[PDB]
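Student: sequence and experimental coordinates follow.
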Number of protein chains: 2
Amino acid sequence: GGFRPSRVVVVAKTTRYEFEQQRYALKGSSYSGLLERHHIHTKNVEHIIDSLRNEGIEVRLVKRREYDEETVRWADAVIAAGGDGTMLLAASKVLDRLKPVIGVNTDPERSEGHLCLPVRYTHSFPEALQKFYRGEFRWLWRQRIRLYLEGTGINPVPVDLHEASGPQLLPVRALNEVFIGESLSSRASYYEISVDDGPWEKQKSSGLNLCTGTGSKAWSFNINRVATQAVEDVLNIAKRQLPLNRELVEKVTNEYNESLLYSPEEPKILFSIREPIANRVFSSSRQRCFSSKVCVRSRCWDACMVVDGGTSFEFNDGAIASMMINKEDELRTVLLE
Amino acid sequence: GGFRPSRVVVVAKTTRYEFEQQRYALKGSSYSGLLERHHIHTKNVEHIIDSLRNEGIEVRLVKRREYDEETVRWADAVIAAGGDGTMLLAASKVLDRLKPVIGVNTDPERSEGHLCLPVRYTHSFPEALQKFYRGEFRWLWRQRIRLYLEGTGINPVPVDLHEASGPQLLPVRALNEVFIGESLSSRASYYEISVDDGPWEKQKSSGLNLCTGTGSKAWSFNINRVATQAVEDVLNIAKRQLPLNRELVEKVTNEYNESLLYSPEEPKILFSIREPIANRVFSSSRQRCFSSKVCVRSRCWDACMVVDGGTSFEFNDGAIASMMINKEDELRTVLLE
Ligand SMILES: NC(=O)c1ccc[n+]([C@@H]2O[C@H](COP(=O)([O-])OP(=O)(O)OC[C@H]3O[C@@H](n4cnc5c(N)ncnc54)[C@H](OP(=O)(O)O)[C@@H]3O)[C@@H](O)[C@H]2O)c1
Ligand SMILES: NC(=O)c1ccc[n+]([C@@H]2O[C@H](COP(=O)([O-])OP(=O)(O)OC[C@H]3O[C@@H](n4cnc5c(N)ncnc54)[C@H](OP(=O)(O)O)[C@@H]3O)[C@@H](O)[C@H]2O)c1
Ligand SMILES: [Fe+3]
Ligand SMILES: [Fe+3]
């Protein structure tokens, strides 16, 4: 049950310093902080490449603009070298459930890397390669959401945010989430939603978030999690309208918040109405729920459907989107100690 | 203590139908629904104008593009004829704490009108005029936020969303709120905030909301309010880790949520971090709090400071904004039964 690829594409993030270069000594604030960050990431990319080549593996190192589907098909395995952002980028071009995608955190002090290998492998990559070769790991297939688009006036062409018609399959899958909303941050969004083929219900809010189990810890977590002060208050209306302290409040906050996370393997969508407006003229139903399918009718003026923060689609009045989870969209990942 | 103005400007909202006209029978969905809405609003505007003129009051009726500061100064009183959106529009051009601004809800079935006179006066406007003339009302001065801008690379020119340097006063006041965030809905916002001259703390989130007491019921309410299911859950961790029902859950939800609203007369800012990202690489302090002053240092790429959903200012890395509450920005409104 081992695993040793012969061909690997590494797709490495572009650093802020590289960004500033491709755009023009100490300008404003974090001047040489950018250069320190750049050297850490570069050191780590070289460690990964050297380790692979030392195992006899043929490696091709690309940035964003040269990470393409052709390079993915050439490779036996994709390695994202950066942070969770780099894993989303890499996963966006993999649509084959058998193709391994592995993430290495190249700046652990500034990159969370929740989708990447544990931090120790960043500077101990031959060790990870040995664990793979020896089968000392397990496969984790992360469920992903796929998007269909139909209706009138639709435009299914994807837009890369990093620079009547029947249902058509959009060319990207969501590993984290589909966000839906007006482009203007302060403009309320208006749509109708049907969950698991239920009746259509109108909604006014600041958007909709539809996440996977993998995405349950990302945007969705910060949309729905309850502040420890909010439960201090809520538990105080309780005794007014058991004793409390920092102990009990922290216990109840974390149980509630853990209830927002679910397994990346579970094929269900966590769907949240983001900041709904109720009041005396509009009304809203549930705020969050699980489902296997949610369809959205756009009633918006200048709105987008945004996949993993990276790929955007037009979604204006007349457009109808269907999200669901399909086994062939499972993203093949690894789990190490 | 009566009140009868001689000159009045009425600023009336533009209807969707007027919008469609100024842009070109039954196109898509709500076809003649737009025309029904248009006739209701027009009927009501005529009732207001006829009532005023029947009291001997000279009236000038304007839409958005002709509501200007000159017309405001000509008038003894401004009347916004539409919904809360129209009140925000009208208030945006009044900077004199002595100048009355009155809102009439011209479509009560579709307009909340929380800033407007009670719905009965929409078709009983001579009655409101008599109550004013007789002193059968009270004045309500609603506190507003003012914005200063300083730093490097700043651009203080306002942008109408409806189509090194020392601190300079921005030309609009917030009756509802100042929103601050990246323009791209899915891009995390990065800034430093100082509350009541406290130490600077970095923050990563989906933006900041800074509202008045008037704005406490608007965006801020939907940013912070707790769902009745979330307290059902929270009260269930409580008994596990008094009896519950629909009764007790609704009682505790509404006490908690009422704690988010405060008097429009109170001169303090309710400040919320909108969807903060904590995790193992960033950290956040309080989520919401009251204050008299909050200063924000922009660390953003393409961000805006948006006042009452209507006026937008550039706010990118190097810009520094100061918000506070000043008595001369009080907005003079009326309260009737
Ligand atoms: N207010 C919010 O919570 C908010 C706003 C916008 C986007 N997001 C999330 O950020 C995603 C895009 O990430 P990005 O790296 O391109 O931009 P980003 O601004 O760097 O993402 C914000 C942080 O979330 C972390 N993250 C990403 N995916 C995660 C996951 N599945 N579980 C736990 N944490 C995760 C990122 O990890 P790294 O540090 O390793 O990059 C980063 O620390 C989006 O799909 C969305 O979920 C959240
Ligand atoms: N997710 C959200 O909650 C969200 C998102 C964007 C904006 N907003 C709020 O909407 C304001 C702009 O309003 P808009 O009419 O131009 O666009 P809008 O989309 O029509 O406003 C949304 C609703 O809030 C109501 N509202 C406005 N001010 C209020 C207040 N002080 N207290 C209670 N309710 C209020 C509006 O009343 P009417 O029906 O009479 O118009 C409307 O029903 C912004 O300042 C912001 O506060 C809220
Ligand atoms: Fe990132
Ligand atoms: Fe409105």
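Tutor: Good, I have the coordinates. Residues are numbered from 1 along each chain as shown, chains lettered A, B, ... in the order given. Ligands and ions are numbered 1, 2, ... in the order given.
Student: how about the residue of the stretch 1-150 of chain A found nearest chain B: what's its closest non-neighbour residue?
Tutor: Nearest residue of the stretch 1-150 of chain A to chain B (CB to the nearest CB) works out as residue A:112 at 4.8 Å. Using the backbone N, CA and C atoms, a C-beta is placed for each residue, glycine as well. Sequence neighbours aside, residue B:281 is the residue nearest to residue A:112 in space, at 4.8 Å (criterion: CB to CB, 6 or more residues apart in numbering or on different chains).
Student: remind me, longest helix of chain A?
Tutor: Ranked by residue count under DSSP state H, the longest helix found in chain A is helix A:33-54.
Student: please work out which residue of chain A is closest to ligand 3.
Tutor: In chain A, the residue that lies nearest ligand 3 is residue A:85 (3.3 Å; CB to the ion).
Student: the helix or strand containing that residue near chain B anywhere?
Tutor: If you go by DSSP states H and E, residue A:85 is part of helix A:84-92. No. Figure legend: helix A:84-92 not in contact with chain B (CB under 8 Å from any CB of the partner chain); closest approach 10.2 Å.
Student: after that helix, heading C-terminal, what element do we hit next?
Tutor: Per DSSP H and E, helix A:84-92 leads on to strand A:101-105 as the next helix or strand towards the C-terminus.
Student: quick revisit: quick one: contacts for the residue of chain A closest to ligand 3?
Tutor: A:13, A:309 (CB atoms under 8 Å, 6 or more residues apart in numbering or on different chains).
Student: that one and ligand 1: what is the separation?
Tutor: From residue A:85 across to ligand 1, the span is 3 Å (CB to the nearest ligand atom, to the nearest Å).
Student: pull up the gap between that residue and residue A:308, please.
Tutor: 9 Å (CB to CB, to the nearest Å).
Student: same question for residue A:24.
Tutor: Distance, residue A:24 to residue A:308, by CB to CB: 29 Å.
Student: what's the longest strand along chain A packed up against?
Tutor: In chain A, assigned by DSSP state E, the strand with the most residues is strand A:165-174. Judged by 3 or more CB pairs under 8 Å, 6 or more residues apart in numbering or on different chains; DSSP states H and E, strand A:165-174 is in contact with helix A:84-92, strand A:145-151, strand A:303-307.
Student: switch these over to JSON lines; also include distance to residue A:211.
Tutor: Listed next are these as JSON lines, based on distance: least, CB to CB, whole Å:
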{"stretch": "helix A:84-92", "distance to residue A:211": "13"}
{"stretch": "strand A:145-151", "distance to residue A:211": "8"}
{"stretch": "strand A:303-307", "distance to residue A:211": "11"}
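Student: is chain B contacted by the longest helix of chain A?
Tutor: No. On the criterion CB under 8 Å from any CB, helix A:33-54 is out of touch with chain B, staying 12.4 Å away.
Student: that helix and ligand 3 in contact?
Tutor: No. Using CB under 5 Å from the ion, helix A:33-54 never reaches ligand 3; the gap is at least 12.1 Å.
Student: and after that helix, which helix or strand comes next?
Tutor: Using DSSP H and E, the helix or strand that directly follows helix A:33-54 along the chain is strand A:58-62.
Student: now the angle from that following strand to helix A:33-54?
Tutor: 160 degrees (axes from the mean of the first three to the mean of the last three CA atoms, to 10 degrees).
Student: could you list the buried residues of the next helix or strand after strand A:58-62?
Tutor: Toward the C-terminus, strand A:58-62 is succeeded by helix A:69-74 as the next helix or strand (DSSP H and E). Going by neighbour count (16 or more other CB atoms under 10 Å in any protein chain shown), the buried part of helix A:69-74 is A:71-72.
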